[PDB]
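Reading through the structure tokens given below for one structure.
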Amino acid sequence: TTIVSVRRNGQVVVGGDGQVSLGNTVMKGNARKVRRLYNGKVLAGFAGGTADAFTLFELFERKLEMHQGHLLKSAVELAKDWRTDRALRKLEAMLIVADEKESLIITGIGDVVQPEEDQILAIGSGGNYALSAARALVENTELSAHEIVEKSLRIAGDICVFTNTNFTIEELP
Amino acid sequence: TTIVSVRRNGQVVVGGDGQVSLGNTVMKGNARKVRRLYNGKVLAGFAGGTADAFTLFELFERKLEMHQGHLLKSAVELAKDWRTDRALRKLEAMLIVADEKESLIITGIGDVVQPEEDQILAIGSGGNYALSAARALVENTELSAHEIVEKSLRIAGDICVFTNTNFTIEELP
Amino acid sequence: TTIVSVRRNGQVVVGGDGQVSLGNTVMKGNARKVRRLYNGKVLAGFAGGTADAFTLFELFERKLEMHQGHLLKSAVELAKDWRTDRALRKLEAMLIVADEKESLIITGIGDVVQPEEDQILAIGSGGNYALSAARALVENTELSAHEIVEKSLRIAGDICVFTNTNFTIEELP
Amino acid sequence: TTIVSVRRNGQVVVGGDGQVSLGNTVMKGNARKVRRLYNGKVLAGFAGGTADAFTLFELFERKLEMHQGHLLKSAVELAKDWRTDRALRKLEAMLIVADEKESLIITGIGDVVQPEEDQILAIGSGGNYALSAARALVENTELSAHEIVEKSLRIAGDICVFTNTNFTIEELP
Amino acid sequence: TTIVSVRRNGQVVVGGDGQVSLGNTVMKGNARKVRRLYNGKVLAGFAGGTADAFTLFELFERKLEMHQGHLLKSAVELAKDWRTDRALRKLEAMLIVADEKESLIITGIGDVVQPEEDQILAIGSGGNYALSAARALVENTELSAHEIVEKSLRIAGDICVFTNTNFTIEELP
Amino acid sequence: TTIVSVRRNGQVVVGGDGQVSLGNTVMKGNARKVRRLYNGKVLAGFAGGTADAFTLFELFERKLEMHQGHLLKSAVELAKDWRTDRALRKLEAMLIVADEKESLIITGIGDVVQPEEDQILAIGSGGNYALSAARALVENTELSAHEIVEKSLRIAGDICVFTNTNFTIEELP
Amino acid sequence: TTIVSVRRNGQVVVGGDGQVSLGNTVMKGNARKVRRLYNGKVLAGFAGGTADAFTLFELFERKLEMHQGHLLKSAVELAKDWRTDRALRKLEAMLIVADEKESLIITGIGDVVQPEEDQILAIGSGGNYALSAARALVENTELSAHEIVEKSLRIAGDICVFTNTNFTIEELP
Amino acid sequence: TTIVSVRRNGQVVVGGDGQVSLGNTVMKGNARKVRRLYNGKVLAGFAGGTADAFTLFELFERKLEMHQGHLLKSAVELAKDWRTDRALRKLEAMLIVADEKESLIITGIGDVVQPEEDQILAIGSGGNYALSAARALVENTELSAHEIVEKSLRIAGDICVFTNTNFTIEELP
Amino acid sequence: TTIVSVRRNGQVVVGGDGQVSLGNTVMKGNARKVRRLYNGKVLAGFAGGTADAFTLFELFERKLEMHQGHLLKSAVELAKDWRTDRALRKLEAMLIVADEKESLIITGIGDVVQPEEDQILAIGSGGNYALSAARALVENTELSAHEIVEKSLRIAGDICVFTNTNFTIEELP
Amino acid sequence: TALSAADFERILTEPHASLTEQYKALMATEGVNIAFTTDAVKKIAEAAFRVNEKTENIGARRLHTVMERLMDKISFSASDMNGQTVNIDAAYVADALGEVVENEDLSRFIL
């Protein structure tokens, strides 16, 4: 997939295309890759092959609706469930989560990562392509975080063969 | 195998050939790949090597005859049995299930996928060949969902070396 | 790529997408994979690796030039420069060539192949997809050659992650 | 492919299917894998890769031309162009050749092989299948050469995923 | 190995050679591969490397002498012991079982397969060779199911390098 | 490496980093991967293995010398020395060449490629990063060619572990 | 990463760069690789891919705030948790820990290593490069342990492609 | 190793060399490979790399001194401990056991094999060499089972590079 | 490592170098590879990668300080902890243990080996080199077991790239 | 057998101490009379059935949870409305509970 998240002017956007790839064929091309969590309080975009990509999503929910939607705490509470003696399996996927306050990237291996100063996050095969266009724009244009996510996603769909121009974008507030 | 499902005019058809392949040899060529579930309320076609292909079938039954035949719910209840802490093994197979209401594709890895706007589903080695002929027909002909499944299956038996022209088709109502 | 050719009603059409893909990224999207040879009286579409595809094409051209454009003889003459003692050099590329009278598929290890009765030919990773879609339309509609080509090409670009939708179609009055 | 030959009652028959398979897909189904050489006085059936199969055949022909069509001598002469200092180039293809007097099986690395007592020869992925079925019929019925060929071929097309049922049989008065 | 079973005229025969292979060497060449079960009510032939091949045999016995020798039910009761949540290991072997009523083939992976219309079953490396000679005979001769198994086994020992002409045949009634 | 080229406002710029990396270590950081050819009227930047990159470059130069510096003809002439009977020898390197009139990308197996409409070209491990960044800037700002090159180069040196930030940029008045 | 620790004149310094690498791309470049433990009593630098690298860090903390910050004892208490009958998983990472008293290197495989006479420690891909510059300096200059760690880290960022010049250094007291 | 056992004239001998091989080096060359069991009632020779080779030995003892030294029963009781639901690990080794009554070969995979009519058994890399000389002798000489084992072992030490002429032989009564 | 042990004139020496190798680099070069056990009653030298090498050491201690320092019994009590139903993991290492009475070599796979007549033991990559020099000396010189171990260790440090001339030797009494 | 729409209509009155009677009496003690018209019994049986075929089929016990939502408005302020005959008909039952469509299953965990 390509999942990217930009944050500019009290705006937090999170977009992603909609191509479910199986081998080098395309099985579904509309798929919603960015979903809403905690009654609409947090944004989550996933990447990494359905199954794991999903069970990682669920596990972060059972942690938000058990910590009052405190993103950062929910994140770490989840991460710690991997860094123990008795591991929590291992997930072939990663998430980009963000609410009005913070934005993160959580891997099903048990680690939480905070963005770099510019506050831009991308994941998936088309990842860095979007992240390159994003930084390009954020640092040289006035465009809103939505316009940028929109623009960056397309740039990435035209280079990644596992990313299409059929995307779903969500923003906060 | 080649398993395809078309839905046109309150019609839901699900077909599949009948070739059990072992290596590059053919062991059985009549095999019924599309079976009926819940007293004839739902259609299920499988693909993915006997054993797992079957145990996936059974597991979806024990979920239907425990949820009043609610396809979607039965599907998700089954998927969730993989997305937990203690996994449910992992099956090398997938199913195409459909009743009068909805139609789905469930993988033994723990994911449920809904068709794309045209409501066409195919799985197995000969999968995309049938899906290509199906979309071709649905979008350019008046043929019934049965005629199409019938036609699409043959087109795929003549291209896939693991699919024959000996198929079994089931429809609802 | 995906190159397909349908011949119906004294019409011969050869169409193909335009996606040059390096690895899993996309370098060019407007590539012309179908071109006219011997004073526009013969069509050629090529799949396989770029360079070889080209040399394989440039080779058939020189042959065409030396034989008054006899498609069939030129094909054989060229095949015969591989089927001998002193090899020519295996080329990883196939061509689909056609003129008013014949449709042929030539490969880079020398061997010319004629279509089956239906007179439909397709090559490339997304070949069989176009081939399936094409056989379906030719057998169940009165659509012109051109339309069937155009239609199948898309049906395939939608399944192959290496085939896009920017087509280049050529027909032979 | 599957190519088999039975010789019984002053009759020599060589038959084979017509499935050209590229990978696990099927490109052509009406292929003629058995042809007549030297003024129709000798039968040739070929298995292996297409191109090589053809060059190995075209080579045996030139030999037959230079040796008044002596099947046995031509085979040896040809084999001797591999069994020397200056290699000819290993071909991945075998031929089953036969004329009024002899039945032989020639390979692409040069080595002629004679049948065992029963005078039955078979080559191709579905070779042994045809071979088994043929040995059974020759040893337990009065069926003509032609019938046994026809029968075995099918028994084999039914087991080999690379052999179809479209046969091309040639007998020698 | 080569294990074959023919059924003609209320006759159920089950033969198999006696070569225990280790690497490309022969360790024992008399081995009984077809045994009797349930006081002589059912025939069982195995293939697949001693150990597993045996524990599969035993597991089908503990199921017969616990279901009144009901072949089909015993089979499925056994198969279901693999298709559950908690698997039953996995066996590298398969069995051909048959009584006066039915005949089957059970794999230690958890699947039961019924013959095709002709009622002929073969397993093991020499499998298809026997199956080819069997079908050849059954469909073209009057020979008894015993004579056929006998004949088919030899045809297969002369082609498979892991099969000898030292076999043990059992029949019912 | 990362080599990118933007053409905008009668200006053509070719720029690239300077990191020669041997394995996962770094040998030189101030390498000049872009140089001037044919009396400084044409720019050339090269990615791929060092030596090959150089021979590929020195080759195009000889060609440029023999054809009055016609960028387009020289490229083709050079390509044609691979696209023939007597191979030239596959070179693991690509060049981006540009003069007042054209921008082109030439590879070591012979094949000249033109840019897409936007007139942007990039090669090297860090290619697509520069490419994404560049497309973004060209489509959303009035930045000069030079600036966009400089800008994208960095955005890519920041993502690619093989591209550093020591640039060498050349523009064509 | 590149993590190095020098000890000179009652000084204990521990530096490390800040590059989180994913494949051959750079995901985060500011990351703090050297953290403080036990209220600021001990220094810890890690290397070995986030997850494990972290859980190794935590496990050494739960052992310090359970042994009064006795480095050596905490170390061994941790190591012994791997050298038992029931292992403690296995971590793909290693730590350099040091307080006013001692300095160590603990691997998530269960072993503790003491420096060599010069009291210099380095770990990570950029390891030996820093360790080489460090020894070079310590043995031939008067520079403070901080200046040395600072200087040695840069030398290693300019050779390792997985190490940058963006580091974080901590010292005691 | 090379372990061979011959039985002639109420005599049961069991020999084996004494070379413990590690890689392609020899670690110990006197090792006793044939031991005595049940107060001297049964002979046991092992092969298959120390550890497993040994634990297989002990397990057959705890079964003899729990079944009154009934070889055959002790064998099967042991074999059955592998053919159950809950396996008994898996041993990389095999034993040749023999008392005045019977002689066997038991593998740590769970199978028991009886000799062929001549009553000769061999195991280990040098296995078949000894078995070849043994059969040679038994069938063409009058030599005692001891003389033969002795002679056969040497023939095998001179061909196997993992077998020496330093052997230990045991016989019954 | 290179660990060697010679025994001459009521003398038991056990030497080993001190090079801890990581990949093809040297991490620590003073390491004590020969340690003392049971208040100084037994000598132990290990080889096989820290971790396992160590836990194998500890497990032999918990067995000596539980059997009154009876080397041979402690050895076998430890070996038997691997040869059971429920294994004791598996260690990638081996030990050379010796007291005034006996000397042994214990592997973490579960086996105990006694020296050959000359009473010389060596283990590790540099093993056989020392063992070669040792036997050379013992059999042709009067040198003490200490002088020999000393000499043999150096001979092996100059041939093994994982062995140095920085060793630690221990002797009894 | 399972209980249909019609079967839920009868179980609501015919049985001794049926829910129609139990509430007629438990609300008569408050001094209030209540009429359960027939066109309103259908909309309670074929409204408790609609819920058993879109959730767990708890059976007849579904009627109790439905009634308790219907006799929710009355049960509270029944004392403060002494001596009144309230007509519970199709119009009342309809706008007494509301509507009950399936959860959200899909859009939540399915791609």
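Note on naming: chains are A, B, ... as they come in the structure tokens, residues start from 1 per chain, ligands start from 1 in the order shown.
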
- Could you give me, as a ChimeraX atom specification, each residue of chain E that DSSP assigns to alpha helix (DSSP H) when run on this structure's backbone? /E:50-64,71-79,127-138,145-157

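Within 8 Å of stretch 84-96 of chain B there are residues 55, 88 and 89 of chain A; 3, 5, 43, 44, 45, 46, 47, 48, 49, 52, 53, 56, 57, 80, 81, 103, 104, 105, 106, 107, 108, 109, 121, 122 and 123 of chain B; 85 of chain E, counting only C-alpha atoms and ignoring same-chain residues fewer than 3 positions away.
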
- Residues at most 12 Å from residue G:170, counting only C-alpha atoms, excluding those fewer than 4 positions away in the same chain, as a PyMOL selection string? chain G and resi 3-6+11-17+32-37+40-45+97-99+145-147+149-150

- Message: Need to verify the contact set: stretch 32-48 of chain J, 9 Å, only C-alpha atoms, exclusion of same-chain residues closer than 2 positions in sequence. Can you return it as a ChimeraX atom specification?
- Response: /J:4-13,20,23-25,27-30,50-52,60,62-63,65-67,78-79,81-94

- Task: Using backbone DSSP assignments, extract all strand (DSSP E) residues from chain F; output them as a ChimeraX atom specification.
- Result: /F:3-7,12-16,20-22,25-28,34-37,42-48,93-99,103-107,112-113,120-123,168-172

Interface rows for chain F against chain A: nearest pair, Å to one decimal, 10 Å, only C-alpha atoms, as a Markdown table:
| residue | atom | partner | partner_atom | distance |
| --- | --- | --- | --- | --- |
| F:128 | CA | A:129 | CA | 6.8 |
| F:129 | CA | A:132 | CA | 5.7 |
| F:130 | CA | A:132 | CA | 7.6 |
| F:131 | CA | A:129 | CA | 8.5 |
| F:132 | CA | A:133 | CA | 5.3 |
| F:133 | CA | A:133 | CA | 4.6 |
| F:134 | CA | A:133 | CA | 7.8 |
| F:135 | CA | A:155 | CA | 7.5 |
| F:136 | CA | A:133 | CA | 5.5 |
| F:137 | CA | A:136 | CA | 6.7 |
| F:139 | CA | A:151 | CA | 9.7 |
| F:140 | CA | A:141 | CA | 7.6 |
| F:141 | CA | A:141 | CA | 7.3 |
| F:143 | CA | A:140 | CA | 9.1 |
| F:148 | CA | A:136 | CA | 9.4 |
| F:151 | CA | A:136 | CA | 7.8 |
| F:152 | CA | A:136 | CA | 7.4 |
| F:155 | CA | A:132 | CA | 6.4 |
| F:156 | CA | A:132 | CA | 7.3 |
| F:158 | CA | A:132 | CA | 9.5 |
| F:159 | CA | A:128 | CA | 7.7 |
| F:160 | CA | A:128 | CA | 9.8 |

- Do a neighbour search on residue A:78 at 9 Å with only C-alpha atoms, toss out local chain neighbours closer than 4 positions, and write the hits as JSON, numbers by chain. {"A": [59, 60, 63, 73, 74, 82, 106, 110, 111]}

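Atom CA of residue A:31 to atom CA of residue J:111 spans 5.5 Å [interatomic distance, one decimal].
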
- Message: Give me, as JSON, numbers by chain, all polymer residues having an atom no more than 9 Å from residue F:26, counting only C-alpha atoms and skipping those fewer than 2 positions away in the same chain.
- Response: {"F": [19, 20, 21, 22, 23, 24, 28, 29, 162], "G": [158, 159, 160, 161]}

Take the residues that were just selected and, keeping C-alpha atoms, output them as a compact mmCIF listing (two decimals), in the first residue's frame.
# COMPACT_ATOMS: atom_id res chain seq x y z
CA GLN F 19 28.88 8.93 -2.57
CA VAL F 20 30.90 6.06 -3.95
CA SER F 21 29.85 3.14 -1.75
CA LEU F 22 31.73 -0.16 -1.64
CA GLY F 23 29.48 -2.69 0.09
CA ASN F 24 27.86 -0.98 3.06
CA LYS F 28 34.59 8.37 -1.45
CA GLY F 29 32.15 11.18 -0.72
CA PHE F 162 23.78 5.29 -0.60
CA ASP G 158 31.52 8.77 7.36
CA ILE G 159 32.22 5.11 6.67
CA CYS G 160 29.11 3.31 7.79
CA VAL G 161 26.06 3.82 5.60

- Dump as a PyMOL selection string the residues of chain J that approach chain B to within 9 Å, counting only C-alpha atoms. chain J and resi 53-57+105-106+109-111
